Amino acid sequence: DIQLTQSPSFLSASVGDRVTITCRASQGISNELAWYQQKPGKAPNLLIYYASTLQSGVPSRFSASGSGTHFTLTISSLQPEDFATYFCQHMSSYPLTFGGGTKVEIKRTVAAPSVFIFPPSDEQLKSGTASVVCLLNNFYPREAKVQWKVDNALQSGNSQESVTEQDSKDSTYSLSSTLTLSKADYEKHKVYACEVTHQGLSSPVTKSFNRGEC
Amino acid sequence: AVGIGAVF
Amino acid sequence: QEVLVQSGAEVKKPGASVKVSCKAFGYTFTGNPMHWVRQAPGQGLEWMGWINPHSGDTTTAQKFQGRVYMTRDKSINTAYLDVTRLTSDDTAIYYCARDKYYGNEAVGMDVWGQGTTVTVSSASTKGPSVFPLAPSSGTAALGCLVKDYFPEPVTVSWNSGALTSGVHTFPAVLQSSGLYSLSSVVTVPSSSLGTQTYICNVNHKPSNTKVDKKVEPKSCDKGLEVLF
């Protein structure tokens, strides 16, 4: 099979910037390459075919070049409607394959998260489980480390994270980390703490509570 | 490029 | 207008089969080959095969040969994808897409269907339990934990759609139990906590489950002995 390797996988850029995305094929594919744009919840849209021909209806700020193994998509002046994920695709032999994608997101200044911890509700406890929720609100960039500490012991494999897309007004992210335990496991320990590391924090922030102390 | 024969 | 319209979302058990349809409007269906491409949640695009709608001939990716069948019905301008022997790894959005097909070779996928979500799981339909994330110790955060439902999706609003700003409804996460869970949070003025009531309206259409959960503030007003 032919592998298409895209670079970069993630890009943060500002409106008006020139955006340059590359696709490298593991084998020569002549000009049998297309580029697509995709937004969340939507099908991809064709931008370029024959490696450099602009598809009808596509804004002329998109262009592309290459023939052989190394291909480049350029957005000359990035606009709000262009924040999306971009994919290359070859059709030189079977199977047809796509590159891994390049997600273009909005650059903004660093913003430290506001951290909140929520103990399990009385309703959930009587049902037999305990979920502890740690919320990181309105931060940038997306990279963050959230560590659960139970009686000062670091946890592993008992939590899941979920992250929003950039807010439409301030371009920040929000993130939830949820520690899920059975009631019996929850009642084995006292102190429940969430520790957050982020570029906007000069030192990690810890939020904690004592079981039943609320 | 790959093909799948003639169409209408 | 040249459009492709696909059939609706499907939920299947492992070992079952699913047949997705793709109906073409606004152009001669038999004039362009039809690709099938899928995308697993959070992942990229995977080509499955294509079909010539004139001859009915198929080229199916080697990964799927023997269990995936592409067919077409000219009389109703419809292409079909039959995916058999499903496993959880077949959970994805499935797209049909037409090729420009200049010179009777692949050129590019210029018209796409809207996608069909397929979930493959041994889990059974179950409505969520909605638990409060109570606000406590100039703004306060609160929310609702929407736990243990199947299948996707759920909708969450605050105050029957009245409260929209400051809301963050997180993407659902699949638990090892096979059930989904998510939270929805909101930041509000802390001064308005004792005078404004916040309700999360959780609707889960697959189970016909509607839950309104009142999130009351609870007292967590203890600090720690610290040394700075």
Side-chain angles (χ1 to χ4, degrees), chain A residues 40-41 120-121 123-133 156-164 176-186, chain C residues 6-21 38-43 46 48 64 67-68 81-95 115-133 143-156 169-184 200-213:
Chain A
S121 70
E123 172 159 20
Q124 189 189 14
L125 289 174
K126 46 164 84 81
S127 73
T129 67
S131 298
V132 201
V133 176
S156 284
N158 47 14
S159 60
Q160 302 184 291
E161 286 190 1
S162 190
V163 191
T164 55
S176 71
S177 182
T178 303
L179 179 72
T180 306
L181 305 167
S182 68
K183 156 172 256 199
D185 276 345
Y186 179 64
Chain C
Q6 298 183 224
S7 48
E10 305 268 358
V11 183
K12 296 292 177 172
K13 303 284 203 178
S17 303
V18 62
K19 192 157 192 190
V20 179
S21 62
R38 72 178 185 180
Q39 180 163 39
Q43 308 314 303
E46 177 170 39
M48 300 184 72
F64 300 111
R67 76 178 180 105
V68 173
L81 185 73
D82 194 12
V83 186
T84 75
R85 294 294 298 165
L86 293 163
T87 71
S88 57
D89 195 62
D90 298 315
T91 296
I93 299 178
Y94 288 75
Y95 295 100
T116 297
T117 297
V118 180
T119 301
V120 186
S121 172
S122 59
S124 311
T125 299
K126 176 190 177 301
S129 299
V130 184
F131 304 120
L133 299 164
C144 281
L145 167 62
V146 186
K147 187 163 163 47
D148 293 341
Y149 65 94
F150 181 88
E152 285 200 283
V154 292
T155 65
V156 186
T169 302
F170 290 99
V173 180
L174 184 51
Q175 305 168 105
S176 68
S177 65
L179 303 177
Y180 293 89
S181 182
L182 63 81
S183 282
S184 171
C200 68
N201 326 110
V202 183
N203 177 215
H204 183 242
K205 301 198 231 66
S207 70
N208 211 326
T209 292
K210 279 200 256 71
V211 181
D212 288 326
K213 188 66 197 200

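Below, all heavy atoms of this structure are taken into account, side chains as well, without hydrogens, waters or symmetry copies. Order of the sequence lines sets the chain letters (A, B, ...), proteins ahead of strands, with each chain counted from 1.
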Which value, rounded to the nearest 0.5 Å, describes the distance between [X] atom [atom1] and [Y] atom [atom2]?
| X | Y | atom1 | atom2 | value |
| --- | --- | --- | --- | --- |
| A:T178 | A:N158 | OG1 | CG | 11.5 Å |
| C:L145 | C:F170 | CG | CZ | 11.5 Å |
| A:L179 | A:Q160 | CG | CD | 11.0 Å |
| C:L182 | C:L174 | CG | CG | 12.0 Å |
| C:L86 | C:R67 | CG | CZ | 6.5 Å |
| C:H204 | C:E152 | NE2 | CD | 8.5 Å |

Between [X] and [Y] (side chain of the first, backbone of the second, donor and acceptor by atom type, cut-off under 3.5 Å), is there such a pair?
| X | Y | answer |
| --- | --- | --- |
| A:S162 | C:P171 | yes |
| A:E123 | A:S127 | no |
| C:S7 | C:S21 | yes |

Assess the residue pair C:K13 and C:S124 against the criterion (side-chain contact (heavy atoms from CB on, under 4.5 Å)); give the C-alpha distance rounded to whole Å, side-chain angles, the decisive distance to 0.1 Å, and a yes or no. CA-CA 9 Å; C:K13 303 284 203 178; C:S124 311; 3.6 Å; yes
Looking at C:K205, I want to see if its NZ is surrounded by more than 12 non-hydrogen atoms of other residues, nucleotides or ligands under 6.0 Å. no
Just wondering, do [Y] and [X] contact through their side chains at under 4.5 Å, heavy atoms?
| X | Y | value |
| --- | --- | --- |
| C:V156 | C:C144 | no |
| A:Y186 | A:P120 | yes |
| C:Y180 | C:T119 | yes |
| C:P128 | C:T209 | yes |

Smallest separation among heavy atoms of [X] and [Y], with atom names:
| X | Y | result |
| --- | --- | --- |
| C:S121 | C:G178 | OG-O, 4.4 Å |
| C:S17 | C:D82 | CB-OD1, 4.1 Å |
| C:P206 | C:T125 | O-CG2, 3.9 Å |
| C:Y94 | C:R38 | OH-NH1, 3.1 Å |
| C:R85 | C:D90 | O-OD2, 4.0 Å |
| C:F150 | C:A123 | CE2-O, 3.6 Å |

Please lay out, stage by stage, how C:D148 and C:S129 fare under the test side-chain contact (heavy atoms from CB on, under 4.5 Å). CA-CA 7 Å; C:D148 293 341; C:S129 299; 5.6 Å; no
How far apart are the C-alpha atoms of C:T116 and C:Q6, what are their side-chain angles, what is the distance that settles it, and do they pass the side chain to side chain donor-acceptor pair (under 3.5 Å) test? CA-CA 6 Å; C:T116 297; C:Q6 298 183 224; 3.0 Å; yes
For the pair A:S131 and A:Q124, evaluate side chain to side chain donor-acceptor pair (under 3.5 Å) and give the outcome as yes or no after the intermediate values. CA-CA 8 Å; A:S131 298; A:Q124 189 189 14; 2.8 Å; yes
Pair C:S184, C:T169 - check side chain to side chain donor-acceptor pair (under 3.5 Å), show working. CA-CA 4 Å; C:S184 171; C:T169 302; 3.1 Å; yes
